[PDB]
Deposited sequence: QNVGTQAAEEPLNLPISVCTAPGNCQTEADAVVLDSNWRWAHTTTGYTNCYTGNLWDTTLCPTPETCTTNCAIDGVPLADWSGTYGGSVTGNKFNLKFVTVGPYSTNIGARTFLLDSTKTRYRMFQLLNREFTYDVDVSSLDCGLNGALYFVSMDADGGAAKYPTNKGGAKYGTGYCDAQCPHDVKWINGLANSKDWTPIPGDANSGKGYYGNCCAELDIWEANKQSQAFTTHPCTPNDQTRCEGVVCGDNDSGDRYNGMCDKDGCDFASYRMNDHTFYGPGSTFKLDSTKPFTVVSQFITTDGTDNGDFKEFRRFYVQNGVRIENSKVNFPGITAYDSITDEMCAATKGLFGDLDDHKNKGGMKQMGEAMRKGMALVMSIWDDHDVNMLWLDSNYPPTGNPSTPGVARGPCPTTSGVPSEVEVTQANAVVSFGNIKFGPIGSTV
């Protein structure tokens, strides 16, 4: 995309901590940038929309190349962050409102480095990543997500010279779902064969998808939470078409370059229904804030080893809370993501181990070694109504069959039109982000 001249781009300042030992950290003066999908797209030498509602203008965008020549994405000024997009920062806390009323629904954002010209790339192997979260106002159907993806640090600017904005304009998004709803891919409008998504007034799908590796630290609302590894072959940003995208709609979910299911550790799905929930007698009380700690263990305990284990623990009101465990007869009580856990649990659930097909923890680790961009988002799910996270999936499945039940939400929950009314004022908060060696962040 070209860059428009109507509004300066002003990312929100967000300090994080880089740590060397427990309680010995230094501030890193980073910032938050809005994903290019949420930006106004208009004519390069005017005010005329190139995209309105869920459609590209066919006169301006008869082809992707012409669209890209004629159109530009514009900046987010400071005033518009809260007023239009529902984003705000107080000290080291970042807040994202779900619905902001001209009416904005959801948000996806990235962490910029201290220069505000590149994404802050995190080399996560043999490191610990930690943050405080509040998901108390997110119920069934919503997801306040924090995760990493194998985006380029410059959003693709060096690879795709028609991308003028780079990381500064939140470009280059890709993930392990190979999404077609990304409006700008490889520096070009994804306007070919663009199709609105029914019941989604703001979104559509273009000819291409954009694939890359994804490490989900946090997919969650107050009812259920998960962390998940998604390797791809290769891991780096890859525009896809046809079978390579692994499109759900053509029966290709397991035929593409990315592991779409991922290998998940989701406490409720692993059959501990009392670990996490909205109340003081759950082990971890989702009505109150808490700290989420993630440790990425290698084979030799060094930065050069292969990724072998994703460990997790929590801190809430000064109380250390170890992760829940897998709880099925004849299955080891795993409390972390490893290749063995993935094989054993997917075996039990009858899920295809595409994680293993894509190179497993080792391949996931190669993405983490090269460095990944931090994503913070809030969203509802127009495909599957978040049932995969917090309900029975498939909805018609027996909840006593291992793998089906992922949370207590009813199978009628999560319809975007309903959650966008009922949960309009939901806000996820991510704060006090800390990054360092294992054992350094609490």
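Novice: Given the full deposited sequence, which segments carry no C-alpha coordinates?
Specialist: One region goes unmodelled: 102 to 104.
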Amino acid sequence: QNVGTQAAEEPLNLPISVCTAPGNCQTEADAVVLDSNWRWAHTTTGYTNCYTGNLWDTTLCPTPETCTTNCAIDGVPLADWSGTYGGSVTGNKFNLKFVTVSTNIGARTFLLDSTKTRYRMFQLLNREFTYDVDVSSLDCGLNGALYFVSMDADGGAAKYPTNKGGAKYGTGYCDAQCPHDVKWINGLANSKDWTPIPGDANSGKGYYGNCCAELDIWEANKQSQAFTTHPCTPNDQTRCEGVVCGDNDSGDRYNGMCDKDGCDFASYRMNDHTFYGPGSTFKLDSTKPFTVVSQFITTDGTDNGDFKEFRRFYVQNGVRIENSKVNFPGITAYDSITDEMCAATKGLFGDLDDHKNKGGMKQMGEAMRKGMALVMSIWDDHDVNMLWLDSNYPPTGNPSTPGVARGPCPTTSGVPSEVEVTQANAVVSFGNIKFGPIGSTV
From here on, numbers count along this sequence of modelled residues.
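Novice: Can you tell me whether 71 to 79 has a higher mean C-alpha B factor than 121 to 129 in this record, or the other way round?
Specialist: Averaging CA B-factors over each stretch, the winner is 71 to 79.
Novice: If you average the CA temperature factors as listed in the entry, which stretch comes out higher, 29 to 37 or 44 to 52?
Specialist: According to the entry, 44 to 52 carries the higher average C-alpha B-factor.
Novice: Which one of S336, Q363, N190, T100 shows the biggest C-alpha B-factor in the PDB entry?
Specialist: When the deposited C-alpha B-factors of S336, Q363, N190, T100 are compared, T100 is largest.
Novice: If you rank the chain by CA B-factor, which third does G155 end up in: lowest, middle or highest?
Specialist: Middle third of the chain for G155's C-alpha B-factor.
Novice: So where's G209 on the chain's Cα temperature factor ranking, which third?
Specialist: Its C-alpha B-factor belongs to the lowest third of this chain's values.
Novice: Taking the values exactly as deposited, rank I197 by C-alpha B-factor within its chain and report the matching third: lowest, middle or highest.
Specialist: Top third by C-alpha B-factor.
Novice: Could you place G403 in the lowest, middle or highest third of its chain by Cα temperature factor, using the values in the record?
Specialist: Lowest third - that is where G403 ends up once the chain's C-alpha B-factors are sorted.
Novice: Can you tell me which third, lowest, middle or highest, the CA B-factor of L60 falls into for its chain?
Specialist: Within its chain, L60 is a highest-third residue by C-alpha B-factor, going by the deposited values.
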